[PDB]
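Chains from the complex, first installment, not repositioned:
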Amino acid sequence: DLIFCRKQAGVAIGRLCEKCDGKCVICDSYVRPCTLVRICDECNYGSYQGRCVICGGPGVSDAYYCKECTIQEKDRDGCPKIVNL
Amino acid sequence: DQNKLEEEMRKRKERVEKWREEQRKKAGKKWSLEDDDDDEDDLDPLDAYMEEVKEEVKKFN
């Protein structure tokens, strides 16, 4: 049930927690963070305002795509928030 | 060295106090804009327009 949200991303910036701080959301790499992550409006609302996009804990820093995912334009899909059903 | 550091502090404190002594010799009702509470002290165009509206609502019903 690890599925990405894949909704139209807005102006909200994705956040990472203390455990996931250096990670890439899509491929889980740690090398060369390149592009700032954007999330949709339903992922950024109320109690969901600041939360890790990978796990859902309290965010502390910005989420980034890696250079490898940026080269393949994998930052052009929807909201990359991990959502469980 | 520690004794010298302690001395330097003592002298600075003494100089400040002397300067101060030298100077000294030379020399509510509560209200809020968030309330309408006034302090102590104490045909029509609204009905006509209301009558025009009431007429519209009655006609629709």
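Done, it's in. Numbers count the residues shown, from 1 in each chain, chains lettered A, B, ... in the order given.

quick one: the longest helix along chain B to chain centroid distance?
Longest helix in chain B by number of residues (criterion: DSSP state H): helix B:2-26. Its chain's average C-alpha position is 38 Å from that of helix B:2-26, according to CA atoms, centre = their mean, to the nearest Å.

Next secondary structure after it?
For helix B:2-26, the following helix or strand on the C-terminal side (DSSP states H and E) is helix B:45-60.

quick check, distance from that following helix to the centre of its chain.
In this view, helix B:45-60 has its centroid 45 Å away from the chain centroid, taken as CA atoms, centre = their mean.

Please save the CA atoms from it in CSV.
Listed in CSV are the C-alpha atoms of helix B:45-60, where the atom choice follows Å, rounded to 0.1, in the frame of the first residue of the first chain:
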residue,chain,number,x,y,z
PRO,B,45,-34.2,53.7,4.3
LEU,B,46,-33.5,50.4,6.0
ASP,B,47,-37.2,49.4,6.4
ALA,B,48,-38.0,50.5,2.8
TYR,B,49,-35.2,48.4,1.3
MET,B,50,-36.3,45.5,3.7
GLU,B,51,-39.9,45.9,2.5
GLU,B,52,-38.6,45.6,-1.1
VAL,B,53,-36.7,42.4,-0.2
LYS,B,54,-39.6,40.9,1.8
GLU,B,55,-41.8,41.5,-1.3
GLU,B,56,-39.3,39.6,-3.5
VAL,B,57,-39.1,36.6,-1.0
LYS,B,58,-43.0,36.5,-0.6
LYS,B,59,-43.4,36.6,-4.4
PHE,B,60,-41.0,33.7,-4.9
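
List the buried residues of it.
Neighbour counts using 16 or more other CB atoms under 10 Å in any protein chain shown place no residue of helix B:45-60 among the buried ones. All C-beta atoms are positioned from the backbone trio N, CA, C, and that covers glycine.

And the residue nearest the centre of chain A?
Centroid-nearest residue in chain A, with CA atoms, centre = their mean: residue A:53, separated by 4.4 Å.

same structure, new chain, call it chain C:
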Amino acid sequence: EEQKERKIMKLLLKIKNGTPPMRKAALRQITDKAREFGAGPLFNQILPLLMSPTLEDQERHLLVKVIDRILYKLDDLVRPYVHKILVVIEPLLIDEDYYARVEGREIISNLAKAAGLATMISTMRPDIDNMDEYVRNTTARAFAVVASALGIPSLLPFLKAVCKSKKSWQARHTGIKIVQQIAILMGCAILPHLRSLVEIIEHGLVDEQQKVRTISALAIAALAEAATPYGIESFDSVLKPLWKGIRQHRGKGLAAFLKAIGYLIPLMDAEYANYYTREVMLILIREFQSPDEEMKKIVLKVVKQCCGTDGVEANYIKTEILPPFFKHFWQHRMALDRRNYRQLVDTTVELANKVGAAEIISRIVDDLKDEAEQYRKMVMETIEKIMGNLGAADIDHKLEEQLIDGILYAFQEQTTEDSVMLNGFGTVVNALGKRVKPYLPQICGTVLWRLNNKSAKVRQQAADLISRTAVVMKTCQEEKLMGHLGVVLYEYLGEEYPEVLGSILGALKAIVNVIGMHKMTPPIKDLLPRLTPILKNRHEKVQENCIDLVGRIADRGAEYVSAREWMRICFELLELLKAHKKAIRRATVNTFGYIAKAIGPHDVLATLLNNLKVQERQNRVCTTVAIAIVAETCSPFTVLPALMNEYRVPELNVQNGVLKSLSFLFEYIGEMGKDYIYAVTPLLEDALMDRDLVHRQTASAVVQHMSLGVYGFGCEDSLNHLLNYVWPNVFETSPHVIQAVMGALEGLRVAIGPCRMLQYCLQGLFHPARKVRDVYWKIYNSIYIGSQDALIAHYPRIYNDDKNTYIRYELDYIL
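Adding chain C to the chains above:
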């Protein structure tokens, strides 16, 4: 049947405690169901559940969305219930929770759109004249929400009528409050209707009732704040009454009128701004002496607003405004007053930002020596803010002497360790720069006295000060009692408090990082063996600072300690690449790079290969990272032969480690790999011909990282050669192998181009077997989603049949 529809509209429980798929399913079905259910039962049940005392936030959000959707469909049937809904949701608009307010406003907006304007007005009009002040506020906020939903000109007639009511002053008050709430809620969207609203509310400034005048002034201030920096022609019929009122009024109404003046002044030109400032300024100077504190806050805000415009120049300010300001506001009574303290600091900083730093700084710097420490911290805060915003250029000899003496006396006279004095000292010294030569002996004596003893909470603050000021400490060409300080910091290396040890290590690092290893007193061959046992401490600040210090030492003083101890230190650092914290990992990477650059790649690489052979998973992964680091700092030419010689061992689990190391190496070096693709190609061939599955999976990962690493560098020959060996693995059922194969194919799509991939897919797209078709259409869809545009030039020609035309004729044109 009645409870029929109730039992079936328990759909809202289907949604409340339910799964997301059935959530949206029941949402859609209840949306289709709403018009037939009827608003009566639906609301009769939902408004209690929304009135539930312990509902959640997102449950409330989903309920609000349900309301939105069931309100859109049933449009004109909601009228007979509007009143009821309002009594439930006219609260939630003055709630201290922001999202509760957003949800209430959204609900009222959808309700106003569902119903009509006449219905909302007819249900909301009786509570316009109410005496309970709690109702007249929610009514005004709801009218503002309705105006924001249905538009301003649709409500303009009702407004124009209600604030001309001669029946009662409560109706006029509530109408003007509606205009004010409309401004507050809509912001800069009121600009096309500014003059209409202003002419609707302008006659209240001269009312016989004092509450109407106050609310009119507050509404004018709200409109002027929403309009900035545009709109002054629309505020023209208010300039005369407002100023006559500030000349005649006194008290609460005077405060409202002054707030209005202050919000209106920044909209004028230099002439009017300059002319109007003089008038309101004599009035404000008179009002400086007021006992009330709300009045003081308003006066400070107006002074800050007016002194920030162009029509007011520094001459008039220093001549008329500064003497009374500094005579009336700068007393410790202001310091214990926590309400207006920040306001005073901001007003003073923004005054200095126009009149010049020297005058403000002097007038308050004589006050740095004071019996009260609250008044000391206030002055220090203001001074360091001004210093950070403008600097110390026009500060002169007398002012410099006074500043230094004051900050020194304030540092020593300190009860509790505060960040205020620390930051003030730091920024003052940093702004003075190379100018403070003798106060450098003085400051060194002061920090020596503070660092000598007293509970290590003063010592850690002194260490922070050293860490932040050592740059200007040494750049002034002074190094000796710098070493005297370093000796004491060294002696303060055994500390039970990790917080103080972190600051000590930071100060030591800032010293050794700024003074040269040359001619410096505390020997490195003494500091480093004393330093290596601290690397095993478990505090984050201690660990980070220790790693940074060892890194600096290895970068500059590498020739002072044997290579064996460096090897031990790097083997110990190996375990810190697993840290849960990012700063620890960053510093560890840096320090490992420095140590590898220092002692040479050969021995560390031999040790790392031995360690990769014999350990558990996480340690082997960290060893792989370490090999990649060594190969990046010392060119991969020095690592690749020894790593490829290890693939020659005839034993599995050794070759797989070499392959994982090559994978991470290429991923880590990226563009640097363009010179090394020819060297690893036969090894990847061998690994791709192997029967072992991990061999082929890891070789595919290597191919992917190598492909994405070299892109635009002309390495297509080897990549096509390797694709010839990767492609036969598309008929693999193992999930990990096929995942790696797909990754490698999508990397080759970028490095090699989509034309080659389409050429590999063409003959299988229409194969008779369904397995081949499934695999090839998956690959083709992956190629098509990325670079759909390039494929236009690559499609093969397909001839027309009898029924259909397939040739693209435009591309056959020949100019």
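
again for the buried residues of helix B:45-60, chain C present now?
B:45-46, B:49-50, B:53.

tell me which element residue C:780 falls in.
Per DSSP H and E: residue C:780 is located in helix C:770-785.

hmm, who's touching that helix?
When contacts are taken as CB atoms under 8 Å, 6 or more residues apart in numbering or on different chains, the neighbours of helix C:770-785 outside the stretch itself are C:730-731, C:742, C:745-746, C:749, C:754, C:757-758, C:760-761, C:764-767, C:791.

about what we covered before: keep only the buried residues of helix B:45-60 that also lie close to chain C.
B:45-46, B:49-50, B:53 (CB under 8 Å from any CB of the partner chain).

Could you export those residues as CSV, including distance to chain A?
CSV is the format used below for these (distance: CB to the nearest CB, whole Å):
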residue, distance to chain A
B:45, 44
B:46, 40
B:49, 40
B:50, 40
B:53, 38
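
Is there a neighbour count for residue 50? I'd like the number.
All of this is about chain A. Residue A:50 has 14 neighbouring residues, counting by other CB atoms under 10 Å in any protein chain shown.

that's the wrong chain, I wanted chain C
Other residues lying near residue C:50 total 21 when counted by other CB under 10 Å.

and if you look at residue A:27?
For residue A:27, the neighbour count with other CB under 10 Å is 13.

Need the phi and psi values for it.
In this entry, residue A:27 is assigned phi and psi values of phi -110, psi -10 (degrees, to the nearest 10).

measure it to chain C for me?
In this structure, residue A:27 lies at 9 Å from chain C, with CB to the nearest CB, to the nearest Å as the measure.

Report the separation between that residue and residue C:448.
Applying CB to CB, to the nearest Å, one obtains 53 Å for the distance of residue A:27 from residue C:448.

tell me which parts of the stretch 51-200 of chain C are close to chain B?
C:118-119, C:121-122, C:125, C:133, C:136, C:157-158, C:161-162, C:164-167, C:171, C:173.

Next up, phi/psi of the residue nearest the centre of chain B, please.
In chain B, the residue lying closest to the centroid (CA atoms, centre = their mean) is residue B:32, at 8.9 Å. In this entry, residue B:32 is assigned phi and psi values of phi -130, psi 140 (degrees, to the nearest 10).

Go ahead and add chain D:
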Amino acid sequence: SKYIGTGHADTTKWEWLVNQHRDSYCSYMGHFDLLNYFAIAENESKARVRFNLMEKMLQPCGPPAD
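Just below you will find chain D, in place on the chains above:
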């Protein structure tokens, strides 16, 4: 599957060919110098070529089978 133009093991020749014709026409509308080439080749105004391509967008390759 949600992206328009992708295929699967049951895709026919007609669907494939109309997909590539449709995105060919869109690529012609997008690129400024391809439309120049066509408008010089057939001696028409560029607005006319654009309108002709939009009109051809509806049913390229003729109506489907059976």
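
again for the contacts of helix C:770-785, since chain D is there now?
C:730-731, C:742, C:745-746, C:749, C:754, C:757-758, C:760-761, C:764-767, C:791, D:3, D:5-9, D:11.

Show me which positions of it end up buried.
Counting neighbours by 16+ other CB under 10 Å, helix C:770-785 gives C:772-773, C:775-780, C:782-784 as buried.

what do you get for stretch C:418-430?
C:420-430.

Please export the alpha-carbon coordinates of it; CSV is fine.
Once side chains and other backbone atoms are set aside, the C-alpha atoms of stretch C:418-430 remain, and they are given as CSV (Å, rounded to 0.1, in the frame of the first residue of the first chain):
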residue,chain,number,x,y,z
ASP,C,418,21.5,35.1,27.8
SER,C,419,21.9,35.1,24.1
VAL,C,420,21.3,38.9,24.0
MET,C,421,24.7,39.9,25.3
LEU,C,422,26.4,37.2,23.4
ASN,C,423,24.9,38.3,20.0
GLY,C,424,25.5,42.0,20.8
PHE,C,425,29.2,41.4,21.6
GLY,C,426,29.6,39.3,18.5
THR,C,427,28.0,41.6,16.0
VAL,C,428,29.6,44.7,17.6
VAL,C,429,33.1,43.2,17.3
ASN,C,430,32.3,41.8,13.8
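
starting at the chain centroid, how far to it?
26 Å.

Same question for stretch C:668-675.
Using CA atoms, centre = their mean, the distance from the centre of stretch C:668-675 to the centre of the chain it belongs to is 33 Å.

what's the answer for stretch C:559-572, then?
Its chain's C-alpha centre and that of stretch C:559-572 lie 41 Å apart, by CA atoms, centre = their mean.

in the stretch 301-450 of chain C, what residue is nearest chain B?
Relative to chain B, the nearest point of the stretch 301-450 of chain C is residue C:449 (4.2 Å; CB to the nearest CB).

residues contacting residue C:683?
Contact partners of residue C:683, counting by CB under 8 Å, 6+ apart, are C:644, C:647, C:662.

residues near the first one, how many?
So the one you mean is residue C:644. For residue C:644, the number of neighbouring residues by other CB under 10 Å comes to 15.
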